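Peer 1: A single structure is presented below for examination.
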Amino acid sequence: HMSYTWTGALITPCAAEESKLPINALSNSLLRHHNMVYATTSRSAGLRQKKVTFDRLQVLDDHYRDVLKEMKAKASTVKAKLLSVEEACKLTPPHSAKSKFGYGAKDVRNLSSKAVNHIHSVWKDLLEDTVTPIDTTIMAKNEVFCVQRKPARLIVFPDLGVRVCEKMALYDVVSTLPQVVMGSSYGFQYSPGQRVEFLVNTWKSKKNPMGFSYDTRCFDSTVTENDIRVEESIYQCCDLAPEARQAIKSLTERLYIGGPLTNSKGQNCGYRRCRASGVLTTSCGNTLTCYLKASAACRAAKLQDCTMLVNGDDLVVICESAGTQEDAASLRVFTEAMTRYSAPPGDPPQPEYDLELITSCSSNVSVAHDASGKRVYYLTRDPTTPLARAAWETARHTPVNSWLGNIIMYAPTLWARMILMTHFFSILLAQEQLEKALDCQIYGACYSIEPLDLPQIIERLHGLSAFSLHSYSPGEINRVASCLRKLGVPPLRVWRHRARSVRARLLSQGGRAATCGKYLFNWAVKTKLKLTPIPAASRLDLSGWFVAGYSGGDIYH
Ligand SMILES: COc1c(/C=C/c2ccc(NS(C)(=O)=O)cc2)cc(-c2ccn[nH]c2=O)cc1C(C)(C)C
């Protein structure tokens with residue numbers, strides 16, 4: 001029951017890859033320890049192949065089937081619709097990988113006759129054949145990190161015509177089913193502010209709270225044929241059109257269960273028998289499976305009043321403590337049950353008794369004060385990876401601007417406000433690119449955002465307090481300051497000095513640029529302005545934001 005079989009053919013790149021941090025005239029103003037930053041390339045794909053390849057054994061008990069029966073009962077209340085070809089076409093990212101059949105993502109988006117005719121033939125083939133394995137491309141992802149080197153992660157995706165078909169059959173399912181099945185435990189329905197609120201309320205709801213995060217080692221490869229057929233049985237509980245039931249059965253049998261792996265040069269690399277990382281159902285499938293195995297493992301471990309918070313393969317559990325030593329034994333039983341379900345741990349879970357010490361989705365809860373001095377909980381993270389990625393993005397244009405996603409999602413943080421905002425607004429001002437729409441990702445979905453709209457977006461997600469937070473925790477300040485020395489980033493005092501200049505430069509431009517100066521950099525001046533709601537913020541169409549997760553799902557809004 002191997003996750004993969006391999007032929008020995010290499011996982012090949014599509015273009016020239018860089019691993020060393022590119023340097024330009026702006027690099028040193030952000031980060032001096034250049035050797036600390038690197039990008040993963042296809043060159044390390046061979047090491048990843050070794051890591052993701054293993055036998056999976058599954059032992060399914062009554063706790064597993066009990067939880068699954070409960071999930072199916074909630075899934076049976078979902079009604080889902082088929083998207084038209086045109087609706088699914090418009091969800092395609094403009095720079096999505098081109099089809100092998102003579103058309104690209106722009107042809108799909110423009111509803112070109114050639115693209116639409118091929119998509120209709122792919123749809124007809126899904127309905128008429130529910131057996132033939134569908135071809136997939138295997139590629140090494142190019143992602144940036146700080147040292148202490150990770151081998152490249154792999155992406156496995158079917159052809160563009162198939163991806164549009166996945167959307168038609170399952171977009172509405174993967175968008176609506178997880179919240180119905182898991183209720184408040186589904187993490188992707190929350191903005192960062194709502195996530196904090198859920199975590200704090202859950203922690204407060206326990207007499208003696210204990211919490212842990214569970215890290216499954218190589219989650220996609222732990223996903224078995226059983227798991228994928230179980231996911232399909234959940235999707236089939238929905239009230240669906242008969243053509244959608246047939247397409248979902250066909251996509252499960254031909255694509256989701258497994259299939260051949262083809263490199264960028266057209267060679268057969270091998271065969272997958274686990275979760276594909278680049279399909280529409282990756283996020284929803286991972287969330288349902290992680291929640292199912294974890295809920296059953298919570299029952300097997302006799303964990304008391306377990307509240308789960310699940311986002312794909314990321315899991316946080318908050319429960320009632322039975323004292324430190326019993327909690328430690330309980331987590332070892334939880335881990336044993338997860339292992340039997342084919343979800344073994346990477347790092348062993350650690351019980352926590354301070355909400356701020358739990359790391360989930362690479363983040364933790366922290367506290368600052370608003371302008372009235374009131375304590376305000378917000379989400380932050382170690383800024384090492386956002387800063388290494390910001391350094392790369394300082395010298396190279398990339399398809400996804402992590403700096404923009406990080407300013408949006410981490411706007412209340414000390415590090416996103418003082419460093420990311422200051423640095424990228426300085427660069428954009430100098431290039432007169434404040435109005436240029438840039439691509440970023442939020443919960444795996446692609447968005448095209450104009451940096452000039454950042455004050456309005458931040459206000460809608462985090463509220464006006466994101467522009468007034470101060471008196472950050474000693475722990476948070478020290479982690480940020482430690483990260484800056486480690487990477488050779490100028491200290492916060494330099495950033496405050498630079499921000500006064502950036503703020504003045506933005507105010508000089510007037511209009512939307514002045515609003516950026518006013519709201520984003522009010523922290524930098526001694527004579528603070530009283531910030532009031534932005535009228536443009538109410539007009540923002542933030543629908544489609546914080547509904548579901550779409551990592552690897554080829555979704556654009
Ligand atoms: C839910 O946690 C997040 C997440 C979580 C993302 C996430 C988590 C798990 C997975 N797993 S999978 C492959 O199986 O779908 C996939 C994506 C992402 C961001 C984020 C940061 C910057 N730019 N874009 C973003 O989406 C911020 C937060 C916080 C702030 C709410 C903690």
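All residue names refer to the structure tokens as shown: chains lettered A, B, ... in order, residues numbered from 1 in each chain, ligands numbered from 1 in order.
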Using only C-alpha atoms, which residues sit within 10 Å of residue 196 in chain A once same-chain residues fewer than 2 positions away are excluded, as a PDB file with N, CA and C atoms, in the first residue's frame?
Peer 2:
ATOM      1  N   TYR A 190     -13.146  31.723   8.850  1.00  0.00           N
ATOM      2  CA  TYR A 190     -12.756  32.849   9.684  1.00  0.00           C
ATOM      3  C   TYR A 190     -11.709  33.748   9.080  1.00  0.00           C
ATOM      4  N   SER A 191     -11.883  35.063   9.280  1.00  0.00           N
ATOM      5  CA  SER A 191     -10.862  36.073   9.006  1.00  0.00           C
ATOM      6  C   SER A 191      -9.862  35.875  10.184  1.00  0.00           C
ATOM      7  N   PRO A 192      -8.650  36.477  10.179  1.00  0.00           N
ATOM      8  CA  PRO A 192      -7.762  36.340  11.360  1.00  0.00           C
ATOM      9  C   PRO A 192      -8.411  36.812  12.676  1.00  0.00           C
ATOM     10  N   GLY A 193      -9.146  37.933  12.641  1.00  0.00           N
ATOM     11  CA  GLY A 193      -9.872  38.489  13.786  1.00  0.00           C
ATOM     12  C   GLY A 193     -10.905  37.513  14.333  1.00  0.00           C
ATOM     13  N   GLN A 194     -11.630  36.833  13.435  1.00  0.00           N
ATOM     14  CA  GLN A 194     -12.632  35.840  13.852  1.00  0.00           C
ATOM     15  C   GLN A 194     -11.977  34.571  14.383  1.00  0.00           C
ATOM     16  N   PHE A 198     -12.562  32.967  18.079  1.00  0.00           N
ATOM     17  CA  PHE A 198     -12.945  31.570  18.270  1.00  0.00           C
ATOM     18  C   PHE A 198     -12.003  30.885  19.276  1.00  0.00           C
ATOM     19  N   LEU A 199     -10.686  31.058  19.113  1.00  0.00           N
ATOM     20  CA  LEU A 199      -9.660  30.475  19.987  1.00  0.00           C
ATOM     21  C   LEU A 199      -9.780  30.946  21.429  1.00  0.00           C
ATOM     22  N   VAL A 200      -9.968  32.255  21.619  1.00  0.00           N
ATOM     23  CA  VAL A 200     -10.113  32.894  22.945  1.00  0.00           C
ATOM     24  C   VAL A 200     -11.405  32.392  23.631  1.00  0.00           C
ATOM     25  N   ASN A 201     -12.550  32.439  22.924  1.00  0.00           N
ATOM     26  CA  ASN A 201     -13.823  31.969  23.471  1.00  0.00           C
ATOM     27  C   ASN A 201     -13.770  30.491  23.836  1.00  0.00           C
ATOM     28  N   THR A 202     -13.139  29.653  22.983  1.00  0.00           N
ATOM     29  CA  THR A 202     -12.999  28.221  23.216  1.00  0.00           C
ATOM     30  C   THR A 202     -12.149  27.953  24.473  1.00  0.00           C
ATOM     31  N   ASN A 364       0.429  32.165  16.347  1.00  0.00           N
ATOM     32  CA  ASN A 364       0.031  32.155  17.734  1.00  0.00           C
ATOM     33  C   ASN A 364      -0.728  33.422  18.095  1.00  0.00           C
ATOM     34  N   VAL A 365      -1.583  33.318  19.115  1.00  0.00           N
ATOM     35  CA  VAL A 365      -2.315  34.441  19.672  1.00  0.00           C
ATOM     36  C   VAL A 365      -1.330  35.269  20.508  1.00  0.00           C
ATOM     37  N   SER A 366      -1.453  36.591  20.430  1.00  0.00           N
ATOM     38  CA  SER A 366      -0.676  37.531  21.234  1.00  0.00           C
ATOM     39  C   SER A 366      -1.560  38.699  21.637  1.00  0.00           C
ATOM     40  N   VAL A 376      -6.086  43.858  23.405  1.00  0.00           N
ATOM     41  CA  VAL A 376      -6.595  43.350  22.139  1.00  0.00           C
ATOM     42  C   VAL A 376      -5.761  42.120  21.725  1.00  0.00           C
ATOM     43  N   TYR A 377      -6.438  40.971  21.528  1.00  0.00           N
ATOM     44  CA  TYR A 377      -5.811  39.735  21.071  1.00  0.00           C
ATOM     45  C   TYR A 377      -5.752  39.775  19.553  1.00  0.00           C
ATOM     46  N   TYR A 378      -4.643  39.304  18.980  1.00  0.00           N
ATOM     47  CA  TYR A 378      -4.450  39.305  17.530  1.00  0.00           C
ATOM     48  C   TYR A 378      -3.524  38.130  17.174  1.00  0.00           C
ATOM     49  N   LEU A 379      -3.484  37.768  15.881  1.00  0.00           N
ATOM     50  CA  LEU A 379      -2.618  36.694  15.432  1.00  0.00           C
ATOM     51  C   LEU A 379      -1.336  37.229  14.852  1.00  0.00           C
TER      52      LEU A 379
END
Peer 1: Within 7 Å of residue 207 in chain A, counting only C-alpha atoms, which residues qualify if same-chain residues fewer than 2 places away don't, as a ChimeraX atom specification?
Peer 2: /A:205,209,320
Peer 1: Using the selection just defined, write its residues with N, CA, C and O atoms as a CSV table (one decimal), in the first residue's frame.
Peer 2:
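Listing of result-v8.csv after writing:
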chain,number,residue,atom,x,y,z
A,205,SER,N,-14.1,28.9,27.5
A,205,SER,CA,-15.2,28.0,27.7
A,205,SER,C,-14.8,26.7,28.6
A,205,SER,O,-15.7,26.0,29.0
A,209,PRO,N,-8.3,24.8,30.9
A,209,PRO,CA,-8.0,24.5,29.5
A,209,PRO,C,-6.6,23.9,29.2
A,209,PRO,O,-5.7,24.3,29.9
A,320,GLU,N,-10.4,19.8,28.1
A,320,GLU,CA,-10.3,19.9,29.5
A,320,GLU,C,-9.0,19.2,30.0
A,320,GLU,O,-8.8,18.1,29.5
Peer 1: For ligand 1, list the contacting residues at 9 Å or closer, counting only C-alpha atoms and all ligand atoms, as a VMD selection string.
Peer 2: chain A and resid 187 to 188 190 to 196 219 to 220 277 282 to 287 290 310 to 315 360 to 365 378 to 381 386 401 to 410 440 to 445 549 to 552
Peer 1: List every residue of range 364-550 of chain A that DSSP, applied to the backbone of this structure, places in helix (DSSP H, G or I), and write the result as a tab-separated table (two decimals) with N, CA and C atoms, in the first residue's frame.
Peer 2:
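Result written to result.tsv:
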chain	number	residue	atom	x	y	z
A	384	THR	N	10.39	35.19	10.41
A	384	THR	CA	11.55	34.72	9.61
A	384	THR	C	11.19	34.43	8.14
A	385	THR	N	10.21	33.55	7.90
A	385	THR	CA	9.80	33.16	6.55
A	385	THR	C	9.18	34.36	5.80
A	386	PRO	N	8.22	35.14	6.38
A	386	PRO	CA	7.74	36.35	5.68
A	386	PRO	C	8.89	37.30	5.30
A	387	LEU	N	9.92	37.45	6.17
A	387	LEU	CA	11.05	38.35	5.86
A	387	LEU	C	11.99	37.78	4.79
A	388	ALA	N	12.30	36.47	4.82
A	388	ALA	CA	13.12	35.83	3.77
A	388	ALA	C	12.41	35.97	2.39
A	389	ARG	N	11.07	35.79	2.37
A	389	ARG	CA	10.26	35.92	1.14
A	389	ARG	C	10.18	37.36	0.67
A	390	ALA	N	10.08	38.34	1.61
A	390	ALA	CA	10.09	39.77	1.29
A	390	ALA	C	11.43	40.15	0.62
A	391	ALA	N	12.57	39.57	1.09
A	391	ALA	CA	13.90	39.85	0.52
A	391	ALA	C	13.97	39.35	-0.93
A	392	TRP	N	13.42	38.14	-1.19
A	392	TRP	CA	13.39	37.58	-2.54
A	392	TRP	C	12.56	38.47	-3.46
A	393	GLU	N	11.37	38.87	-2.98
A	393	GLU	CA	10.41	39.72	-3.70
A	393	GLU	C	10.91	41.14	-3.89
A	394	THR	N	11.89	41.58	-3.07
A	394	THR	CA	12.52	42.90	-3.24
A	394	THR	C	13.31	42.93	-4.59
A	395	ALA	N	13.95	41.80	-4.98
A	395	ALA	CA	14.79	41.73	-6.18
A	395	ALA	C	14.18	41.01	-7.37
A	402	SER	N	4.02	37.27	-1.51
A	402	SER	CA	3.75	36.88	-0.12
A	402	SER	C	3.72	38.08	0.80
A	403	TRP	N	4.49	39.15	0.48
A	403	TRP	CA	4.51	40.37	1.28
A	403	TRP	C	3.12	41.00	1.39
A	404	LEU	N	2.36	40.98	0.29
A	404	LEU	CA	1.03	41.56	0.24
A	404	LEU	C	0.03	40.73	1.04
A	405	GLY	N	0.10	39.41	0.91
A	405	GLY	CA	-0.73	38.49	1.69
A	405	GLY	C	-0.44	38.67	3.17
A	406	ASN	N	0.85	38.79	3.52
A	406	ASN	CA	1.30	38.99	4.89
A	406	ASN	C	0.87	40.32	5.47
A	407	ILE	N	0.91	41.44	4.69
A	407	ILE	CA	0.39	42.73	5.19
A	407	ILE	C	-1.12	42.59	5.45
A	408	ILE	N	-1.84	41.96	4.53
A	408	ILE	CA	-3.29	41.81	4.68
A	408	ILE	C	-3.65	40.98	5.92
A	409	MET	N	-3.09	39.77	6.00
A	409	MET	CA	-3.43	38.81	7.05
A	409	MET	C	-2.82	39.14	8.39
A	414	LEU	N	3.39	43.93	14.79
A	414	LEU	CA	4.51	44.87	14.92
A	414	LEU	C	5.43	44.77	13.67
A	415	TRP	N	5.75	43.54	13.25
A	415	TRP	CA	6.66	43.29	12.12
A	415	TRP	C	6.04	43.63	10.73
A	416	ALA	N	4.73	43.35	10.48
A	416	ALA	CA	4.13	43.68	9.18
A	416	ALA	C	3.95	45.19	9.02
A	417	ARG	N	3.60	45.88	10.10
A	417	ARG	CA	3.41	47.34	10.09
A	417	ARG	C	4.73	48.10	9.94
A	418	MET	N	5.73	47.77	10.77
A	418	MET	CA	6.99	48.53	10.79
A	418	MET	C	7.93	48.20	9.65
A	419	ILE	N	7.99	46.94	9.25
A	419	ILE	CA	8.91	46.49	8.20
A	419	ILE	C	8.24	46.34	6.85
A	420	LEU	N	7.26	45.41	6.72
A	420	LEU	CA	6.66	45.12	5.42
A	420	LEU	C	5.99	46.33	4.77
A	421	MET	N	5.12	47.03	5.52
A	421	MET	CA	4.44	48.22	5.02
A	421	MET	C	5.44	49.28	4.60
A	422	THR	N	6.38	49.63	5.48
A	422	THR	CA	7.41	50.64	5.23
A	422	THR	C	8.23	50.32	3.97
A	423	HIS	N	8.78	49.10	3.89
A	423	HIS	CA	9.64	48.68	2.79
A	423	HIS	C	8.92	48.64	1.44
A	424	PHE	N	7.80	47.92	1.36
A	424	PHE	CA	7.08	47.81	0.08
A	424	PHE	C	6.39	49.11	-0.34
A	425	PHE	N	5.87	49.95	0.60
A	425	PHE	CA	5.33	51.24	0.15
A	425	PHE	C	6.45	52.15	-0.40
A	426	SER	N	7.66	52.07	0.19
A	426	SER	CA	8.82	52.84	-0.28
A	426	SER	C	9.13	52.45	-1.75
A	427	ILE	N	9.22	51.13	-2.03
A	427	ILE	CA	9.49	50.58	-3.38
A	427	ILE	C	8.40	50.97	-4.40
A	428	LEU	N	7.12	50.78	-4.04
A	428	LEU	CA	5.99	51.10	-4.90
A	428	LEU	C	5.91	52.59	-5.24
A	429	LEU	N	6.21	53.48	-4.26
A	429	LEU	CA	6.23	54.94	-4.46
A	429	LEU	C	7.27	55.30	-5.52
A	430	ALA	N	8.49	54.76	-5.35
A	430	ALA	CA	9.63	55.01	-6.24
A	430	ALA	C	9.37	54.56	-7.69
A	451	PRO	N	-2.34	47.75	-4.02
A	451	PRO	CA	-1.82	48.19	-2.71
A	451	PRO	C	-2.52	49.42	-2.14
A	452	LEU	N	-3.03	50.34	-3.01
A	452	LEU	CA	-3.77	51.54	-2.58
A	452	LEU	C	-5.03	51.21	-1.81
A	453	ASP	N	-5.59	50.00	-2.00
A	453	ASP	CA	-6.79	49.55	-1.30
A	453	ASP	C	-6.51	48.91	0.06
A	454	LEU	N	-5.23	48.79	0.45
A	454	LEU	CA	-4.85	48.18	1.73
A	454	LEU	C	-5.51	48.80	2.97
A	455	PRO	N	-5.67	50.14	3.12
A	455	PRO	CA	-6.31	50.65	4.35
A	455	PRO	C	-7.74	50.15	4.53
A	456	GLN	N	-8.55	50.19	3.46
A	456	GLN	CA	-9.95	49.75	3.40
A	456	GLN	C	-10.06	48.22	3.69
A	457	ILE	N	-9.18	47.40	3.06
A	457	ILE	CA	-9.15	45.94	3.28
A	457	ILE	C	-8.81	45.64	4.74
A	458	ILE	N	-7.75	46.29	5.26
A	458	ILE	CA	-7.32	46.06	6.65
A	458	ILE	C	-8.45	46.42	7.62
A	459	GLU	N	-9.11	47.59	7.42
A	459	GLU	CA	-10.23	48.03	8.27
A	459	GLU	C	-11.35	46.99	8.27
A	460	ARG	N	-11.74	46.51	7.08
A	460	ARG	CA	-12.79	45.48	6.98
A	460	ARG	C	-12.44	44.17	7.67
A	461	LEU	N	-11.17	43.69	7.58
A	461	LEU	CA	-10.80	42.42	8.22
A	461	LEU	C	-10.48	42.50	9.70
A	462	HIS	N	-9.73	43.54	10.09
A	462	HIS	CA	-9.21	43.66	11.46
A	462	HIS	C	-9.85	44.77	12.28
A	464	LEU	N	-10.45	49.21	12.81
A	464	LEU	CA	-9.55	50.35	12.93
A	464	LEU	C	-8.45	50.17	13.98
A	465	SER	N	-8.62	49.25	14.98
A	465	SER	CA	-7.59	48.97	16.01
A	465	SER	C	-6.25	48.52	15.40
A	466	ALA	N	-6.27	47.89	14.20
A	466	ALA	CA	-5.05	47.44	13.50
A	466	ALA	C	-4.11	48.63	13.19
A	467	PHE	N	-4.66	49.86	13.14
A	467	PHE	CA	-3.91	51.08	12.86
A	467	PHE	C	-3.47	51.81	14.13
A	474	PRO	N	6.32	41.75	25.68
A	474	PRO	CA	7.78	41.58	25.69
A	474	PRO	C	8.25	40.38	24.87
A	475	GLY	N	7.49	39.28	24.90
A	475	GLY	CA	7.79	38.06	24.16
A	475	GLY	C	7.80	38.27	22.66
A	476	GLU	N	6.79	38.99	22.16
A	476	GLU	CA	6.62	39.33	20.75
A	476	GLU	C	7.74	40.26	20.25
A	477	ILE	N	7.99	41.36	20.98
A	477	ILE	CA	9.05	42.33	20.66
A	477	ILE	C	10.40	41.59	20.58
A	478	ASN	N	10.70	40.76	21.59
A	478	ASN	CA	11.96	40.02	21.63
A	478	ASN	C	12.12	39.04	20.47
A	479	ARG	N	11.04	38.32	20.08
A	479	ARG	CA	11.09	37.39	18.95
A	479	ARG	C	11.37	38.18	17.66
A	480	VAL	N	10.68	39.33	17.48
A	480	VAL	CA	10.89	40.16	16.28
A	480	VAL	C	12.35	40.66	16.26
A	481	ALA	N	12.81	41.33	17.36
A	481	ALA	CA	14.18	41.84	17.46
A	481	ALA	C	15.22	40.74	17.24
A	482	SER	N	15.00	39.52	17.78
A	482	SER	CA	15.89	38.36	17.60
A	482	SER	C	15.93	37.94	16.13
A	483	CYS	N	14.75	37.91	15.45
A	483	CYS	CA	14.66	37.56	14.04
A	483	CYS	C	15.46	38.57	13.19
A	484	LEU	N	15.37	39.87	13.51
A	484	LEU	CA	16.10	40.92	12.77
A	484	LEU	C	17.61	40.77	12.86
A	485	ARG	N	18.14	40.50	14.08
A	485	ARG	CA	19.59	40.28	14.25
A	485	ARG	C	20.02	39.05	13.46
A	486	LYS	N	19.24	37.95	13.57
A	486	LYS	CA	19.53	36.70	12.85
A	486	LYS	C	19.67	36.90	11.33
A	487	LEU	N	18.75	37.65	10.72
A	487	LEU	CA	18.73	37.86	9.27
A	487	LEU	C	19.54	39.05	8.78
A	492	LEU	N	14.19	47.96	14.56
A	492	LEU	CA	12.91	48.67	14.48
A	492	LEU	C	13.02	50.20	14.49
A	493	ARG	N	14.04	50.76	15.19
A	493	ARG	CA	14.25	52.21	15.24
A	493	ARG	C	14.54	52.80	13.86
A	494	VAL	N	15.24	52.05	12.99
A	494	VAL	CA	15.53	52.46	11.62
A	494	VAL	C	14.20	52.50	10.82
A	495	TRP	N	13.38	51.44	10.95
A	495	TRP	CA	12.08	51.34	10.28
A	495	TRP	C	11.14	52.45	10.65
A	496	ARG	N	11.10	52.84	11.95
A	496	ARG	CA	10.29	53.97	12.41
A	496	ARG	C	10.77	55.26	11.69
A	497	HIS	N	12.10	55.45	11.58
A	497	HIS	CA	12.69	56.62	10.91
A	497	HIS	C	12.28	56.61	9.43
A	498	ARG	N	12.43	55.45	8.77
A	498	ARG	CA	12.04	55.30	7.35
A	498	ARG	C	10.55	55.49	7.13
A	499	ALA	N	9.71	55.03	8.07
A	499	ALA	CA	8.26	55.15	7.95
A	499	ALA	C	7.79	56.59	7.96
A	500	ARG	N	8.45	57.48	8.74
A	500	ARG	CA	8.10	58.91	8.78
A	500	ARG	C	8.28	59.51	7.39
A	501	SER	N	9.37	59.13	6.71
A	501	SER	CA	9.66	59.54	5.33
A	501	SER	C	8.61	58.96	4.35
A	502	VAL	N	8.37	57.62	4.39
A	502	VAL	CA	7.38	56.95	3.54
A	502	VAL	C	6.01	57.61	3.71
A	503	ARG	N	5.60	57.84	4.97
A	503	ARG	CA	4.34	58.51	5.29
A	503	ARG	C	4.27	59.89	4.63
A	504	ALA	N	5.33	60.70	4.77
A	504	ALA	CA	5.36	62.06	4.19
A	504	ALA	C	5.25	61.97	2.67
A	505	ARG	N	6.01	61.05	2.05
A	505	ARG	CA	5.99	60.83	0.60
A	505	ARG	C	4.58	60.45	0.12
A	506	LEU	N	3.88	59.56	0.87
A	506	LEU	CA	2.51	59.18	0.51
A	506	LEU	C	1.54	60.35	0.65
A	507	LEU	N	1.63	61.12	1.76
A	507	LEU	CA	0.75	62.27	1.97
A	507	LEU	C	0.91	63.30	0.84
A	508	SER	N	2.16	63.49	0.35
A	508	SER	CA	2.52	64.37	-0.77
A	508	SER	C	1.77	64.03	-2.06
A	509	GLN	N	1.55	62.72	-2.35
A	509	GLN	CA	0.83	62.25	-3.56
A	509	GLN	C	-0.69	62.57	-3.52
A	511	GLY	N	-4.87	62.00	-2.46
A	511	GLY	CA	-5.84	60.97	-2.83
A	511	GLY	C	-5.71	59.68	-2.03
A	512	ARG	N	-5.81	58.52	-2.72
A	512	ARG	CA	-5.69	57.20	-2.09
A	512	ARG	C	-4.31	56.97	-1.46
A	513	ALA	N	-3.24	57.51	-2.08
A	513	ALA	CA	-1.89	57.39	-1.54
A	513	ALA	C	-1.81	58.09	-0.17
A	514	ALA	N	-2.43	59.30	-0.02
A	514	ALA	CA	-2.47	60.01	1.26
A	514	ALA	C	-3.18	59.22	2.35
A	515	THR	N	-4.29	58.52	1.98
A	515	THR	CA	-5.03	57.66	2.92
A	515	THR	C	-4.07	56.56	3.44
A	516	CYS	N	-3.25	55.96	2.55
A	516	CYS	CA	-2.25	54.97	2.97
A	516	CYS	C	-1.29	55.57	3.97
A	517	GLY	N	-0.81	56.79	3.68
A	517	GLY	CA	0.10	57.50	4.59
A	517	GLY	C	-0.55	57.68	5.95
A	518	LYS	N	-1.77	58.20	5.94
A	518	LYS	CA	-2.56	58.52	7.13
A	518	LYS	C	-2.82	57.31	8.03
A	519	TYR	N	-3.41	56.23	7.48
A	519	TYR	CA	-3.81	55.04	8.25
A	519	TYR	C	-2.70	54.06	8.53
A	520	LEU	N	-1.93	53.68	7.50
A	520	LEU	CA	-0.89	52.66	7.69
A	520	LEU	C	0.27	53.11	8.52
A	522	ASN	N	0.28	55.92	10.88
A	522	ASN	CA	-0.06	56.77	12.04
A	522	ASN	C	0.81	56.40	13.25
A	523	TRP	N	1.25	55.13	13.34
A	523	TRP	CA	2.12	54.65	14.42
A	523	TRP	C	3.50	55.35	14.44
A	524	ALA	N	3.94	55.89	13.28
A	524	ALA	CA	5.27	56.46	13.12
A	524	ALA	C	5.43	57.92	13.58
A	535	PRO	N	-14.84	55.71	4.10
A	535	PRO	CA	-16.10	55.46	3.35
A	535	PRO	C	-16.02	54.36	2.29
A	536	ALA	N	-14.89	54.28	1.56
A	536	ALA	CA	-14.65	53.27	0.52
A	536	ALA	C	-14.68	51.80	1.04
A	537	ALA	N	-14.36	51.60	2.35
A	537	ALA	CA	-14.34	50.29	3.01
A	537	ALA	C	-15.70	49.59	3.01
A	538	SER	N	-16.80	50.35	3.20
A	538	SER	CA	-18.17	49.82	3.20
A	538	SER	C	-18.59	49.29	1.83
A	539	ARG	N	-18.06	49.91	0.75
A	539	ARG	CA	-18.34	49.54	-0.64
A	539	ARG	C	-17.60	48.27	-1.11
Peer 1: Using only C-alpha atoms for the distances, tell me which of A:69, A:249, A:95, A:43 is nearest to residue 399 in chain A.
Peer 2: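 Using only C-alpha atoms, the shortest distance to residue 399 in chain A belongs to A:95.
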Peer 1: May I have the residues within 8 Å of residue 172 in chain A as a PyMOL selection string, using only C-alpha atoms and disregarding those fewer than 4 positions away in the same chain?
Peer 2: chain A and resi 80-83+167+176
Peer 1: Taking only C-alpha atoms into account, produce a table as a tab-separated table in which each residue of range 258-339 of chain A with an atom at most 12 Å from an atom of range 44-53 of chain A appears once, together with its shortest atom pair and the distance in Å to one decimal, ordered by chain and rising number.
Peer 2:
residue	atom	partner	partner_atom	distance
A:263	CA	A:45	CA	11.5
A:269	CA	A:49	CA	10.6
A:270	CA	A:49	CA	10.7
A:271	CA	A:53	CA	10.9
A:272	CA	A:53	CA	9.6
A:273	CA	A:53	CA	10.2
A:274	CA	A:52	CA	9.9
A:275	CA	A:52	CA	11.1
A:276	CA	A:52	CA	11.9
A:277	CA	A:52	CA	11.9
Peer 1: Mind checking which residues fall within 9 Å of residue 148 in chain A, counting only C-alpha atoms, ignoring those fewer than 2 positions away in the same chain, and posting them as an MDAnalysis selection string?
Peer 2: chainID A and resid 36 146 150
Peer 1: Could you check the closest approach to residue 119 in chain A for each of A:374, A:254, A:163, A:530 and tell me which residue wins, using only C-alpha atoms?
Peer 2: A:163
Peer 1: Tell me which protein, DNA and RNA residues are within 7 Å of residue 450 in chain A, counting only C-alpha atoms, leaving out same-chain ones fewer than 3 positions away, and put them as JSON, numbers by chain.
Peer 2: {"A": [434, 435, 436, 437, 438, 453]}
Peer 1: Range 293-307 of chain A: which residues within 6 Å, counting only C-alpha atoms, same-chain residues fewer than 3 positions away excluded, as a list in words?
Peer 2: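 Near range 293-307 of chain A, the qualifying residues are residues 63, 64, 290, 317, 318, 319, 320, 330, 333, 334, 337 and 338 of chain A.
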Peer 1: Print the selection's residues with N, CA and C atoms to a file, as a short mmCIF file (atom, residue, chain, number, x, y, z; two decimals), in the first residue's frame.
Peer 2:
data_model
loop_
_atom_site.label_atom_id
_atom_site.label_comp_id
_atom_site.auth_asym_id
_atom_site.auth_seq_id
_atom_site.Cartn_x
_atom_site.Cartn_y
_atom_site.Cartn_z
N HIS A 63 -15.02 4.08 16.74
CA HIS A 63 -14.94 5.55 16.91
C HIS A 63 -14.87 6.22 15.54
N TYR A 64 -14.04 5.66 14.62
CA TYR A 64 -13.91 6.18 13.25
C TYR A 64 -15.27 6.15 12.50
N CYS A 290 -8.73 15.01 8.10
CA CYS A 290 -8.05 15.40 9.31
C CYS A 290 -9.06 15.48 10.47
N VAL A 317 -6.42 21.37 18.85
CA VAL A 317 -7.42 20.82 19.78
C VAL A 317 -7.30 21.60 21.09
N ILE A 318 -8.44 22.05 21.64
CA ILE A 318 -8.54 22.68 22.95
C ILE A 318 -9.53 21.80 23.74
N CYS A 319 -9.09 21.28 24.90
CA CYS A 319 -9.93 20.40 25.73
C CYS A 319 -9.79 20.71 27.23
N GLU A 320 -10.39 19.83 28.08
CA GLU A 320 -10.30 19.93 29.53
C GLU A 320 -9.04 19.21 29.95
N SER A 330 -2.47 11.02 27.65
CA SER A 330 -3.64 11.19 26.78
C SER A 330 -3.22 11.55 25.33
N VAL A 333 -1.82 8.51 23.63
CA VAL A 333 -2.93 7.65 23.18
C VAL A 333 -3.56 8.30 21.92
N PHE A 334 -3.70 9.64 21.90
CA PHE A 334 -4.26 10.38 20.75
C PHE A 334 -3.40 10.08 19.52
N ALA A 337 -3.78 6.46 18.18
CA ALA A 337 -5.03 6.34 17.41
C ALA A 337 -4.88 7.02 16.03
N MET A 338 -4.29 8.23 15.97
CA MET A 338 -4.00 8.93 14.70
C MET A 338 -3.11 8.07 13.80
#
